[PDB]
Amino acid sequence: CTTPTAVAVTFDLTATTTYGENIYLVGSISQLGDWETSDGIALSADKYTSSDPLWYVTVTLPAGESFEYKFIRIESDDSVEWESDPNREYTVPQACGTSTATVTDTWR
Ligand SMILES: OC[C@H]1O[C@@H]2O[C@H]3[C@H](O)[C@@H](O)[C@@H](O[C@H]4[C@H](O)[C@@H](O)[C@@H](O[C@H]5[C@H](O)[C@@H](O)[C@@H](O[C@H]6[C@H](O)[C@@H](O)[C@@H](O[C@H]7[C@H](O)[C@@H](O)[C@@H](O[C@H]8[C@H](O)[C@@H](O)[C@@H](O[C@H]1[C@H](O)[C@H]2O)O[C@@H]8CO)O[C@@H]7CO)O[C@@H]6CO)O[C@@H]5CO)O[C@@H]4CO)O[C@@H]3CO
Ligand SMILES: OC[C@H]1O[C@@H]2O[C@H]3[C@H](O)[C@@H](O)[C@@H](O[C@H]4[C@H](O)[C@@H](O)[C@@H](O[C@H]5[C@H](O)[C@@H](O)[C@@H](O[C@H]6[C@H](O)[C@@H](O)[C@@H](O[C@H]7[C@H](O)[C@@H](O)[C@@H](O[C@H]8[C@H](O)[C@@H](O)[C@@H](O[C@H]1[C@H](O)[C@H]2O)O[C@@H]8CO)O[C@@H]7CO)O[C@@H]6CO)O[C@@H]5CO)O[C@@H]4CO)O[C@@H]3CO
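Going by the header, the method for this PDB entry is solution NMR.

Engineer: An account of the state of the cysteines is needed here, citing residue identities and associated values.
Structural biologist: One pass over the full model with this rule turns up one disulfide. Residue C1 pairs covalently with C96 via a disulfide, S to S 2.0 Å. A residue pair is termed long-range when its members are at least 10 positions apart, and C1 in the segment before β1 (8-14) and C96 in the loop between β7 (88-91) and β8 (102-106) qualify at 95 residues. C96 matches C1 in its accessibility class, with the two residues each being exposed.

Engineer: I'd like to hear about the sheet that holds β8, residue by residue, with values.
Structural biologist: Pairing is mixed in the open sheet, where three strands are placed in the order β3-β1-β8. Looking along the sheet, the strands with just one partner apiece sit at the ends: β3 (56-60) and β8. Direction aside, the axes of adjacent strands within the sheet are offset by 15 degrees on average.

Engineer: Describe the site of ligand 2, naming the residues involved and giving the relevant values.
Structural biologist: Around ligand 2 lies a shell formed by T16, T17, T18, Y19, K47, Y48, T49, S50 and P53. Separating an oxygen atom of ligand 2 from a backbone N or O atom of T17 is a distance of 2.5 Å. In the environment of ligand 2, an oxygen atom lies 2.6 Å from a nitrogen or oxygen atom belonging to the backbone of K47. In the complex, 32% of the free accessible area of ligand 2, which totals 1,000 Å², lies under the protein chains.

Engineer: How would you explain the site of ligand 1 if you had to name every residue and give the values?
Structural biologist: Close to ligand 1 lie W35, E36 and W82. At 2.5 Å from an oxygen atom of ligand 1 is found a main-chain nitrogen or oxygen belonging to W35. Protein chains bury 19% of the 1,000 Å² of accessible surface belonging to ligand 1 in isolation.

Engineer: Talk me through the nonpolar core; I want residue IDs and the actual numbers.
Structural biologist: Side chains of nonpolar character tend, in soluble globular proteins, to be buried together. Judged by nonpolar contacts, the single largest core of 21 residues is most densely connected at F11, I23 and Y69. For this core, the secondary structure elements donating two or more residues are β1 and β4 (66-69). In terms of residues, this core owes the most to one element, β1, which gives three residues.

Engineer: Residue-level account of the side chain of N22, with values.
Structural biologist: On the secondary structure map, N22 appears in strand β2 (residues 22-24). For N22, a relative accessible area of 15% translates into the label buried. Separated by 3.4 Å, the side chain of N22 and the backbone oxygen of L43 make a polar contact. Residues within four places of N22 in sequence aside, it is in contact with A42, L43, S51, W55, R73, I74 and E75.

Conventions used here
- Residues numbered from 1 in each chain as written, not as in the entry; some residues may be left out.
- Chains lettered and ligands numbered in written order.
- Heavy atoms only, no water.
- Disulfide = S-S within 2.5 Å.
- Helix = DSSP H or I, 4+ residues; strand = E, 2+ residues; numbered from the N terminus.
- Buried < 20%, exposed > 50% of the residue type's maximum accessible area, 1.4 Å probe, protein only.
- Pairing = 2+ DSSP bridges.
- Axes fitted to C-alpha atoms, helices over the stretch in contact; angles between N-to-C directions.
- Near = heavy atom within 4 Å.
- Polar contact = N/O pair within 3.5 Å; in protein donor to acceptor, adjacent residues only side chain to side chain.
- Areas by Shrake-Rupley, 256 points an atom, 1.4 Å probe, with all protein chains shown as cover.
- Core = buried A, V, L, I, M, F, W, Y, C linked by side-chain atoms within 4.5 Å.
- Contact = heavy atoms within 4.5 Å.

Next comes the structure, spelled out in structure tokens:
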């Protein structure tokens, strides 16, 4: 059993946008570049604006262990305000199940 090795997690975040920007999910994982949004988890507006006013998301992480989950909110001024105030710890278990959960939050 090694087919399901990714982690589909749905994240959401109420922080409004401006048809141009991205609110991400940088969690500490090899594919979740928590410390380089280049591989965290961006959120956008498929229904909302073009950028992302409700900041929703559904990405997959190829891993199965403890992962840090810091959040970063990239604005339209090209500048990530790595929301590092709060914090999350997705312990994705390496099994045939329990490899996809939620990850909701919001901006203060
Ligand atoms: O990848 C695993 C790596 O993650 C952690 O280490 C640090 C991580 O690399 C940093 O990114 C940091 O989080 C930063 C985050 O990216 C942004 O919020 C950032 O703010 C912006 C700034 O404009 C600027 O900081 C920059 O961010 C970084 C660049 O993306 C990057 O190119 C870097 O340039 C190099 C560094 O000069 C060099 O020191 C190198 O460091 C390595 C470490 O020695 C190694 O331990 C490893 O650590 C792991 C570990 O799991 C976590 O601690 O990280 C490096 C890989 O070996 O990193 C670059 C190598 O090319 O310049 C800055 C660094 O500040 O751009 C962002 C927006 O784009 O600031 C955050 C600062 O925390 O998390 C940790 C350090 O806190
Ligand atoms: O502060 C105002 C708020 O909105 C600002 O601009 C919005 C404006 O509506 C447009 O500029 C649009 O931008 C484009 C984008 O590609 C799509 O939105 C697109 O689609 C339109 C179509 O006509 C159709 O899809 C239809 O469907 C929408 C509904 O009409 C509408 O009810 C919507 O509901 C959500 C809205 O998208 C928006 O209000 C959303 O955000 C609210 C939050 O309170 C907060 O984020 C903030 O957001 C700003 C935003 O950053 C600005 O850019 O206030 C919003 C409240 O006003 O939450 C609503 C919850 O129901 O649902 C569907 C979306 O699929 O209408 C849409 C838009 O009318 O239109 C444009 C190009 O076609 O969206 C931006 C982004 O909100």
